[PDB]
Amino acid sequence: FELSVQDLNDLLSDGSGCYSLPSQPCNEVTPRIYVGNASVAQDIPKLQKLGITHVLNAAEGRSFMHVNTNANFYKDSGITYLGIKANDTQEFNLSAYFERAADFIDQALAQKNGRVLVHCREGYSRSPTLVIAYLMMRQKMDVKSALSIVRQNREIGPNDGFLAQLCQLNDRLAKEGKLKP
């Protein structure tokens, strides 16, 4: 998937060999789907003002590269929580979680009032990968189109391993005739 990964990186990069970082803590990247950082995840007043009903923490954990939240954190707020203890490394098999994450986003959006924040530490690699996979798996977008729409609404940069996993997913969905031409 080297060529395919490189094609995706070419859509993300700034043409100096660099990738823009997020200019805001949180963005609505497609209708009722928000991607954001640790700061917004831990700011319940802000979440309530955006009308967030569901939070998917794609960086759950105790290190400086994780967000140390849990169901308890959200208990009084009426927000439904799911955590995935992912690491942002090329070796981490985030694709094992694509179904679970896509199901959680579907659970949130199935009711018309639902709004989901999918967040990680920076809203840059882990959480955008899960949103892109959801758009592919549930909205029949090919990876290039899905990545492009998310990148138009938030500066993202999934690590090359995550991008390879998305390319593998795209191959499978395209093969099975589940993507829109």
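Heads up: residue numbers just count along the shown sequence, starting at 1. Under this definition, the rigid core comprises the largest set of C-alpha atoms superposing within 1.5 Å between the forms.
Chemist: Could you check whether 165 to 173 or 9 to 17 drifts more from the shown form in 7 other deposited structures of this protein, using RMS Cα distance once the core is superposed?
Modeler: Farther on average in 7 other deposited structures of this protein: 9 to 17.
Chemist: Mean C-alpha B factor from the entry: is it higher for 36 to 44 or for 122 to 130?
Modeler: According to the entry, 36 to 44 carries the higher average C-alpha B-factor.
Chemist: Decide which of the stretches 74 to 82 and 90 to 98 has the higher mean C-alpha B-factor, going by the entry.
Modeler: Result: 74 to 82.
Chemist: Pick out which of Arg138, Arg151, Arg62, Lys112 has the highest C-alpha B-factor in the PDB entry.
Modeler: Across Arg138, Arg151, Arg62, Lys112, the entry lists the biggest C-alpha B-factor for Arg62.
Chemist: Between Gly17, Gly161, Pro22, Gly157, which one tops the list for C-alpha B-factor in the PDB entry?
Modeler: In this record, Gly17 carries the highest C-alpha B-factor of the candidates.
Chemist: Quick check on the deposited entry: does the C-alpha B-factor of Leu117 sit in the lowest, middle or highest third of its chain?
Modeler: Tercile = lowest for this residue's CA B-factor.
Chemist: Give the position of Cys167 by CA B-factor within its chain, expressed as the lowest, middle or highest third.
Modeler: Middle third - that is where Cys167 ends up once the chain's C-alpha B-factors are sorted.
Chemist: Quick check on the deposited entry: does the C-alpha B-factor of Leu50 sit in the lowest, middle or highest third of its chain?
Modeler: As the PDB entry reports it, the C-alpha B-factor of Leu50 lands in the highest third of its chain.
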